[PDB]
C-alpha cells in the first residue's frame, strides 16, 4: 500500500554517446514509466500501463513542457560554471524530486539538486526553505528565499499535484505493481584449495525485497556469508546471490534459505 513517484534529471554540458544534454526518467515504485531526452525531444512510455492513461493530448503537452524547460537547465549549467569559477568542459547537473505515500496515508516530498556529483541544494518543504550545502549553494538559497515563490510552489506540487497523479498511476498499474514472481534458486559448488565455495543464486523475483542466507545444519552463518546487492533483470524482476566458503566434507549440512513475498514459507536449497 505505500507508493512512490520520482523524476530523475541528468543534464551535462558536453554530451557523449548514450549521454544526451538532458534526460529525465520518471519512476513508479522504482520502475521506469516515462522517458524524455534532448535528442528525441519527446516524452515516451517505459511501462505498459502508461498506455491506458485516459488523458488525450497529455503526451503532446508534457512533451512541450519538457522541451521548454531544457532551456532553463542550460542556463543553470552556465550559472553554476561561473559561480564555481570552472573552465568550459564537462560538468554535470542532477535533480531528483517527487512524492511518497506512506502506509498511514501521510505524504512525503523531496526535491534534491546535485552539481559535479556533489550535494548542492535540497528543499525542506516543511519550512518552505532550502538547505544549501555550499558557499556557492548559499546564494541560490538566498535568491530563492528572496523572490518567495519557488519553495511554496514546489511544496504545492509535491503535496497536491504529485500525489494526485501518484494515486491515478497506482490504479492504472495495479496489476503490474501487485503481481508476484517467485525466484528460481540454484546452489553451485566450486572447491579449489580444500575450500568449497558455495554460491546460492536467486533469479527473477518480484517484488524487490528478498532475504537470502546460509544455514549450517539449520543455524544461520551470518559472518561467513557475503552477498551481492539486489540487481535488476531486463523484465522488471530482480537478482541476488550469496556465497559461502566451507570445507568439502561439511557439504551436506549446508542450505540456502530464500524468504520472499512470493512464497508463503521460505524455500530451502542445497547443492
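Positions refer to the first chain, counted from 1.
Higher mean CA B-factor, judged across 61 to 69 and 213 to 221 from the recorded values: 213 to 221. When the C-alpha B-factors of 241 to 249 and 39 to 47 are averaged, 241 to 249 comes out higher.
Comparing C-alpha B-factors across 177, 121, 75, 187 in the deposited entry, the largest value falls on 177. When the C-alpha B-factors of 159, 111, 103, 146 are read from the PDB record, the largest value belongs to 146. Among all modelled residues in this chain, the alpha-carbon of residue 166 has a temperature factor (C-alpha) in the lowest third. Residue 234 sits in the lowest third of its chain by CA B factor, as recorded in the PDB entry.
Among the modelled residues of its chain, residue 270 has a C-alpha B-factor that falls in the middle third, as given in the PDB entry. Annotation for residue 97: CA B-factor lies in the lowest third of the chain's modelled residues. In this PDB entry, residue 172 carries a Cα temperature factor that places it within the middle third of its chain's modelled residues.
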